[PDB]
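Asker: Structure in structure tokens, see below.
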Amino acid sequence: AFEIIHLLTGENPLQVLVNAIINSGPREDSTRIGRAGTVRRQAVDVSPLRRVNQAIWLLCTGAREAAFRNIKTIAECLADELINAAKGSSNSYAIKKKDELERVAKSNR
Amino acid sequence: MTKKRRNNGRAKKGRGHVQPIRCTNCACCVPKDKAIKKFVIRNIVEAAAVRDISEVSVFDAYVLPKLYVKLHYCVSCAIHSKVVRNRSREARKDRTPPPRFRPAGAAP
Amino acid sequence: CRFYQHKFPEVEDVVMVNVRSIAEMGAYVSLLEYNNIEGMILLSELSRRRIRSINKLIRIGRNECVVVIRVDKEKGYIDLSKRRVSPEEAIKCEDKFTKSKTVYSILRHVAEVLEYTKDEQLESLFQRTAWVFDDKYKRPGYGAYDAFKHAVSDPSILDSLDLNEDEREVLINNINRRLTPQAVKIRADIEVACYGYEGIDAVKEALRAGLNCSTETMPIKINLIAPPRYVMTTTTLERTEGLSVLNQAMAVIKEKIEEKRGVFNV
Amino acid sequence: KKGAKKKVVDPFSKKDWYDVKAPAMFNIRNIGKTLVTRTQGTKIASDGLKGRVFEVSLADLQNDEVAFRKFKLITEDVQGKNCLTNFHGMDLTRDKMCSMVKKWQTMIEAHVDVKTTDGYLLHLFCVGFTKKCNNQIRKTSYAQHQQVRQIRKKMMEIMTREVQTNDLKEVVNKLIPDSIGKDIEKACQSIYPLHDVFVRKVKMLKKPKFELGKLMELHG
Amino acid sequence: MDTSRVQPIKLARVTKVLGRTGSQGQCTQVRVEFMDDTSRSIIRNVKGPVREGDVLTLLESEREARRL
Amino acid sequence: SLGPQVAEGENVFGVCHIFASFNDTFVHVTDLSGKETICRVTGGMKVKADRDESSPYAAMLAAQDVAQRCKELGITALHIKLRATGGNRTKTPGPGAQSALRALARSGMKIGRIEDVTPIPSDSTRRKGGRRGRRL
RNA sequence: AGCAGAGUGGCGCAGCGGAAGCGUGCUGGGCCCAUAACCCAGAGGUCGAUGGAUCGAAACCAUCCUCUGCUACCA
RNA sequence: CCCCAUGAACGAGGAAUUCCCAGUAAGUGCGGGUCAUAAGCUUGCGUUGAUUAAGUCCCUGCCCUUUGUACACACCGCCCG
């Protein structure tokens with residue numbers, strides 16, 4: 096992964112990953128709250144420890160998903176997924192799904 | 001016929017009729033002597049917003065006004081809102097109000 | 006490609022979507038009222054009442070009318086809602102959805118022959134032709150279908166701006182095939198109650214004069230439904246030119262028959 | 014498809030700013046600012062500017078401390094971008110009026126209709142409260158009904174004497190430090206001590222003609 | 001007229017944790033210091049596991065928590 | 016937008032007329048007199064859901080716009096008048112009373128005074144709901 | 001004969017310019033200790049003929065036939 | 001049990017629902033049991049080895065107190081036209 100990231104763009108390939116984690120962590124999140132036996136939602140904040148855990152989850156789902164019928168190997172898929180996260184461009188599974196949560200959190204707040 | 005309370009649950013003594021009051025939550029008719037009365041004194045401003053209002057106010061030391069609300073509950077609304085709780089046979093005879101903070105200073 | 010004059014929807018506009026997935030938090034859906042751009046519906050703003058079932062409401066493979074609540078112009082997040090929808094809006098949107106489909110099918114014949122190896126082909130045709138047809142008549146409630154419908158019945162509309170080739174035949178054929186046969190609901194209302202025996206020949210003179218100032222060779226549609234009732238479907242235009250043909254003709258038959266004996270219906 | 018202009022109406026660039034001046038009896042006379050639309054021949058500036066009310070505090074019109082005794086002032090005349098005011102009646106805040114009312118006191122109230130030396134007519138509303146006394150061990154401060162009706166009678170007697178004589182301006186001068194209310198507090202003290210007297214409202218009911226000469230005296 | 005003008009990203013830090021709330025204990029009441037004003041403090045509801053002294057990323061401080 | 020010709024050391028004082036309670040929040044900024052007025056915004060205009068019209072953030076988002084147009088004109092300070100519904104009703108503020116203040120103050124506008132105003136009868140006509148009142 | 005409807009893909013009603021539409025039933029599963037209520041899952045297939053536009057036609061539009069509904073006569 | 005040939009459904013699964021907090025879950029093999037011949041079962045054992053939580057009474061259920069009862073075959077009870 097790091098090998099492909101370094102050839103492909105040319106950086107200290109850890110700075111890629113650190114941006115990729117920080118850009119994928121949500122700023123606000125929703126949860127459930129029970130009123131009248133019907134679904135209502137409430138916006139709440141998120142821990143830094145939550146952000147890191149979420150951001151690591153999200154991007155790893157991308158490469159797992161892509162290589163499920165592609166000729167491309169998971170290594171290639173994963174290094175592509177850290178680029179599009181490290182520079183936001185919404186071609187990743189992560190930066191999409193990040194913005195979905197925040198778009199909900201605006202609505203019900 | 002068993003009598004759960006000596007007072008029948010109201011403050012009627014030496015009187016034939018007492019004017020009804022409307023419950024604040026459910027508008028039900030309740031006798032004024034059976035209604036659960038709560039006086040609520042609150043600042044108009046919430047404690048968090050006091051700083052922002054003092055910084056934006058043209059006056060260096062503005063005394064914030066208070067809301068004075070006399071809430072009138074029926075027995076059902078007062079149990080549902082947990083304003084009054086169920087008590088044991090003996091603890092029903094006690095008429096002491098439950099101790100609050102202490103006093104109206106600072107945190108409460 | 007785009008089915009609509011603007012590429013991106015606005016704020017508070019009625020649109021149509023087609024469900025492609027069902028989300029936990031609502032419904033992520035593709036548009037077919039614009040590009041195939043993504044728009045997200047949320048669970049809270051679908052109804053104002055409970056919800057027992059869930060697949061007897063929204064499900065995959067359904068056109069659903071909705072209102073665009075917010076849009077991020079730069080990002081391309083089209084926030085969506087189904088909470089404010091009236092059946093009157095559904096009629097208006099179903100028409101615009103259906104009309105865009107037929108108009109884009111007309112603007113597909115153009116692309117069958119021209120260079121269309123890339124998807125953006127139809128986009129090139131759409132912007133240059135569609136906008137000058139519909140923008141001129143969008144404020145009065147017309148779509149680009151009105152402009153094309155006007156061209157088939159009077160050809161100056163599509164000759165006022167760049168005329169394509171081979172398009173014109175298929176354009177004419179598809180306009181004239183689908184939006185006809187083409188029609189008169191003109192029926193005469195005539196009542197007569199003769200005591201005459203010369204009524205049989207009297208009626209013949211009256212029938213042939215349904216339209217004044219026409220040739221003796223004019224073809225018309227005579228209909229006899231009952232003995233006093235004489236229905237003449239007069240010269241078939243659009244029923245906005247044969248109004249005088251319908252109204253004044255009724256006076257002829259009722260007048261001609263009173264002269265030969267007795268009182269009649271007016 | 015129109016004239017010049019540009020776009021939307023901006024009804025707030027067709028409006029004209031003004032100033033609002035108080036009587037000379039107030040130390041700070043600069044009340045504030047209002048706006049009306051510019052003159053048209055179908056409705057002129059002054060006709061849409063007169064007959065207003067202007068709530069202003071007492072600790073804001075009289076620098077400075079008191080936080081109530083709000084006064085109403087009406088614009089009776091306009092003079093070249095300065096709107097001159099006239100007394101209309103005073104009122105009181107809610108919270109102060111509420112806080113004084115409490116359990117184990119007996120509230121005492123009365124009003125009178127009264128005329129000035131001039132043509133002004135007023136309708137004053139006062140209030141008294143019983144004192145929680147010097148060194149009670151009792152948890153009540155209730156009074157007899159006979160005692161109350163005396164206190165009400167004597168609260169009218171004082172408030173008619175000082176307002177039937179003494180013209181419009183001198184009335185106002187007595188109410189700003191509250192000399193009126195304080196006079197009642199001591200005069201009723203023997204028959205029950207009492208703490209508090211305020212005049213929660215006054216309502217100017219009728220008033221005489223404009224009288225330009227008498228008008229400009231106030232803004233002299 | 002179009003969209004909205006919004007405040008910039010704020011940062012505020014924990015001073016103390018108060019207790020857990022929600023209907024499964026999933027929300028946590030917390031007191032936070034504004035990190036630019038040291039006498040300002042707001043109460044919040046925060047989802048994730050927090051300790052004390054860690055910093056959050058608030059999108060607004062208009063919002064304020066109560067209990068439900 | 017044309018303001019007055021001085022506001023440099025002084026302020027111009029408007030009245031804010033915040034409305035309180037449920038299913039609705041108004042903010043309606045007016046003159047001192049209240050005879051004429053400026054922009055008027057509701058929480059039903061910011062948020063459409065027919066159920067978040069009384070919410071905190073809907074009241075904050077409202078005042079976050081209204082307070083811009085104030086300073087755009089030249090109104091810089093605000094006296095505040097409250098209104099709960101009253102008239103033999105709930106007579107208690109909604110959620111969006113505390114809310115709008117916190118937002119509009121920190122947007123940059125000054126606060127001059129604050130008070131409670133509510134229409135409270137001295138006993139008046141019978142309240143809707145009947146003898147037994149609402150249940151469920 | 002004028003007008004109207006239809007000419008099943010389980011039933012009954014036949015929905016619209018995207019190949020079962022609606023309501024119902026039958027059969028099976030789920031929930032429950034169990035039943036009802038409630039929630040899900042089904043099913044060989046130009047939908048009378050002759051044509052046109054169409055990517056396609058019960059359904060987009062015509063030309064014909066038949067059965068019925070209302071009206072009603074040639075015989 | 002072995003050898004050659006034949007080459008189907010099935011391309012991630014509705015309504016619902018089970019189990020699990022550290023050498024634990026999951027992946028992976030082995031021994032014992034039954035056994036003349038024979039484990040897709042059960043019982044033990046090693047090997048590789050995560051993510052998520054440090055909570056709560058919302059659902060399901062249980063313990064203690066107070067309260068109400070026309071129930072005691074105990075609400076799956078009882079009972080009305």
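Residue numbers (the entry's author numbering), protein chains in the order written: chain H, 96 to 204; chain b, 1 to 108; chain A, 6 to 271; chain x, 14 to 233; chain d, 1 to 68; chain 0, 16 to 151.
Cβ coordinates follow ideal geometry from the N, Cα and C atoms, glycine included.
#1: Kindly indicate which residue of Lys47 (chain d), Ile9 (chain d), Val30 (chain d) has the alpha-carbon position closest to the one of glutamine 24 (chain d).
#2: Assign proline 65 (chain b) to one of two classes, buried (16 or more other C-beta atoms within 10 Å of its C-beta) or exposed (fewer than that).
#3: Is it buried or exposed for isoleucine 65 (chain A), if we count other Cβ within 10 angstroms and need 16 for buried?
#4: Considering only the alpha carbon of each residue, which of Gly141 (chain x), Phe211 (chain x), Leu62 (chain x) lies closest to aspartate 90 (chain x)?
#5: Return the CA-CA distance between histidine 32 (chain 0) and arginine 150 (chain 0), expressed in angstroms with no decimal places.
#6: Would you report the Cα separation of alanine 73 (chain 0) and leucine 93 (chain 0), rounded to the nearest angstrom?
#7: Give me the Cα-Cα distance between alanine 77 (chain 0) and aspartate 2 (chain d), rounded to the nearest whole angstrom.
#8: Taking 9 Å as the CB-CB limit, is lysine 28 (chain x) close to chain 0?
#9: Report yes if the C-beta of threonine 40 (chain 0) is less than 8 Å from at least one heavy atom of the ligand GTP; otherwise report no.
#10: For a contact defined as C-beta to C-beta under 7 Å, what are the partners of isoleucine 74 (chain A) on chain 0?
#11: In chain 0, which residues lie less than 7 Å from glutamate 62 (chain d) when you measure between Cβ atoms?
#12: Please report the straight-line C-alpha distance between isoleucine 230 (chain A) and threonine 240 (chain A), rounded to a whole angstrom.
#13: List, in order along the chain, the chain H residues whose C-beta lies closer than 9 Å to that of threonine 3 (chain d)?
#14: So is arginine 82 (chain x) in contact with chain 0 if we call contact Cβ pairs under 9 Å?
#15: Keeping to the same chain, check which residues put their C-beta closer than 6 Å to that of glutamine 118 (chain x); ignore five residues upstream and five downstream.
#16: By the 8 Å beta-carbon criterion, what residues does the segment 121-133 of chain 0 contribute toward chain b?
#17: Touching or not, the segment 164-172 of chain H and the segment 21-29 of chain b, by the rule of three or more beta carbon pairs under 8 Å?
#18: Closer than 8 Å is the cut-off here; do at least three beta carbon pairs connect the segment 104-111 of chain H with the segment 177-185 of chain H?
#19: Can you list, in chain order, the residues of the segment 67-81 of chain b whose Cβ is nearer than 7 Å to any Cβ on chain x?
#20: Please report how far the alpha carbon of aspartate 32 (chain x) lies from the alpha carbon of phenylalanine 223 (chain x), in whole angstroms.
#21: On the criterion of 16 or more Cβ atoms from any shown chain inside 10 Å, does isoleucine 57 (chain x) qualify as buried, or is it exposed?
#22: Have a look at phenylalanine 100 (chain x) and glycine 132 (chain x) and give me their C-alpha separation to the nearest angstrom.
#23: Under a Cβ-count criterion, where at least 16 other Cβ atoms within 10 Å of its own Cβ denotes burial, should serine 69 (chain 0) be classed as buried or exposed?
#24: Taking a contact to mean a Cβ-Cβ separation below 9 Å, would you say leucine 86 (chain x) touches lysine 220 (chain x) in this structure?
#25: Could you check the C-alpha separation between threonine 38 (chain d) and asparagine 179 (chain x) for me, to the nearest Å?
#26: Can you pull out the residues from the segment 81-110 of chain x whose beta carbon lies closer than 8 Å to at least one beta carbon of chain 0?
#27: From the DSSP output, read off the bridge partner residues of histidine 43 (chain 0).
#28: Relative to the C-alpha of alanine 211 (chain A), which residue among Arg183 (chain A), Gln187 (chain A), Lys265 (chain A), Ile180 (chain A) is closest?
#29: Starting from the N-terminal side, write out each stretch of the beta strand (DSSP E) that is 3 residues or longer and does not extend beyond the segment 20-86 of chain x.
#30: From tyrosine 150 (chain A) to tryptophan 136 (chain A), what does the alpha carbon distance come to, in whole angstroms?
#31: Near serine 61 (chain d), which residues of its chain fall below 8 Å by C-beta distance, leaving aside the five closest residues on each side in sequence?
#32: Tell me, please, whether the segment 235-253 of chain A touches the segment 170-178 of chain A by the rule of three or more beta-carbon pairs shorter than 8 Å.
#33: Does the beta carbon of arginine 204 (chain H) sit closer than 9 Å to a beta carbon anywhere in chain 0?
#34: Against chain d, does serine 114 (chain 0) count as a neighbour if the rule is that its beta carbon must be under 9 Å from one of theirs?
#35: As a quick exercise: from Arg51 (chain d), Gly22 (chain d), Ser4 (chain d), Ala65 (chain d), pick the residue whose alpha carbon is nearest that of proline 71 (chain 0).
#36: Can you tell me which of the three DSSP states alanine 189 (chain H) falls into?
Answerer: On the basis of the coordinates in this document:
#1: Numbered from its first residue, the fifth sequence carries residue 24 (chain d) at position 24. Looking at the Cα atoms, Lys47 (chain d) is the closest of the given residues.
#2: As a working mapping, residue 65 (chain b) is identified with position 65 in the second sequence. Result: buried.
#3: As a working note, residue 65 (chain A) is residue 60 in the third sequence. Under this definition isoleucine 65 (chain A) is an exposed residue.
#4: Position 77 of the fourth sequence, counted from the start, is the residue given in the question as residue 90 (chain x). The residue with the shortest Cα to Cα distance from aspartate 90 (chain x) is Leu62 (chain x).
#5: Numbered from 1 along the sixth sequence, position 17 holds the residue referred to as residue 32 (chain 0). Numbered from 1 along the sixth sequence, position 135 holds the residue referred to as residue 150 (chain 0). Approximately 33 Å between the Cα atoms of the pair.
#6: As a working mapping, residue 73 (chain 0) is identified with position 58 in the sixth sequence. As a working mapping, residue 93 (chain 0) is identified with position 78 in the sixth sequence. Going from the Cα of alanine 73 (chain 0) to the Cα of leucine 93 (chain 0) covers about 21 Å.
#7: What you label residue 77 (chain 0) is simply residue 62 of the sixth sequence in a count that begins at 1. What you label residue 2 (chain d) is simply residue 2 of the fifth sequence in a count that begins at 1. Each residue's Cα considered, the two are about 14 Å apart.
#8: As a working note, residue 28 (chain x) is residue 15 in the fourth sequence. Interface residue, yes.
#9: In terms of ligand content, the structure shown is empty, and the ligand GTP therefore cannot be addressed.
#10: Position 69 of the third sequence, counting from 1, holds the residue named residue 74 (chain A). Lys63, listed in chain order.
#11: Working through the fifth sequence from its first residue, we reach residue 62 (chain d) at position 62. The contacting residues are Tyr72, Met75, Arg117, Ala118.
#12: Translated into the one-based positions of the third sequence, residue 230 (chain A) becomes position 225. Translated into the one-based positions of the third sequence, residue 240 (chain A) becomes position 235. One C-alpha to the other measures close to 19 Å.
#13: Taking the fifth sequence and counting its residues from 1, the one referred to as residue 3 (chain d) is at position 3. Chain H residues near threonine 3 (chain d): none, gap ~12 Å exceeds 9 Å.
#14: Along the fourth sequence, one-based indexing puts residue 82 (chain x) at 69. No, no contact with chain 0.
#15: In the fourth sequence, counting from the first residue as 1, residue 118 (chain x) sits at position 105. Counting only Cβ-Cβ distances below 6 Å, and skipping sequence neighbours, we find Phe142, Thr143, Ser154.
#16: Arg121, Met124, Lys125, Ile126, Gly127, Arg128, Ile129, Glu130, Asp131
#17: no
#18: yes
#19: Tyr68
#20: Position 19 of the fourth sequence, counting from 1, holds the residue named residue 32 (chain x). Position 210 of the fourth sequence, counting from 1, holds the residue named residue 223 (chain x). Between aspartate 32 (chain x) and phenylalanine 223 (chain x), the C-alpha separation is close to 21 Å.
#21: For the purposes of this step, residue 57 (chain x) is taken as the residue at position 44 of the fourth sequence. Answer is exposed; the Cβ neighbour count stays below 16.
#22: One-based indexing of the fourth sequence puts residue 100 (chain x) at position 87. One-based indexing of the fourth sequence puts residue 132 (chain x) at position 119. Looking at the two C-alpha atoms, the distance is approximately 13 Å.
#23: Within the sixth sequence, the letter at position 54 stands for residue 69 (chain 0). Buried.
#24: Your numbering for residue 86 (chain x) matches position 73 in the fourth sequence. Your numbering for residue 220 (chain x) matches position 207 in the fourth sequence. In this structure, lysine 220 (chain x) does not lie closer than 9 Å to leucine 86 (chain x) by Cβ.
#25: In the fifth sequence, residue 38 (chain d) corresponds to position 38, counting from 1. In the fourth sequence, residue 179 (chain x) corresponds to position 166, counting from 1. Their backbone Cα atoms lie some 58 Å apart in a straight line.
#26: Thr106, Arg107, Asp108
#27: Locating residue 43 (chain 0) in the sixth sequence gives position 28, counting from the first residue. DSSP, once it has assigned bridges, lists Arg55 (chain 0) as partnering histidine 43 (chain 0).
#28: The count along the third sequence starts at 1 and reaches residue 211 (chain A) at position 206. Measuring from the Cα of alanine 211 (chain A), the nearest candidate turns out to be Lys265 (chain A).
#29: 28-30, 43-45, 48-50, 67-69
#30: Here the question's residue 150 (chain A) lines up with position 145 in the third sequence. Here the question's residue 136 (chain A) lines up with position 131 in the third sequence. Looking at the two C-alpha atoms, the distance is approximately 12 Å.
#31: Residue 61 (chain d) sits at position 61 when you count from the first residue of the fifth sequence. Correct list, in chain order: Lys10, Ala12, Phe34, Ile42.
#32: no
#33: Stepping through the first sequence from its first residue, residue 204 (chain H) is reached at position 109. So, interface residue.
#34: Walking along the sixth sequence from the start, residue 114 (chain 0) turns up at place 99. Interface residue, yes.
#35: The residue you call residue 71 (chain 0) lines up with position 56 of the sixth sequence. Closest by alpha carbon: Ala65 (chain d).
#36: In the first sequence, the residue the question calls residue 189 (chain H) occupies position 94. Note: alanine 189 (chain H) maps to helix in three-state DSSP.
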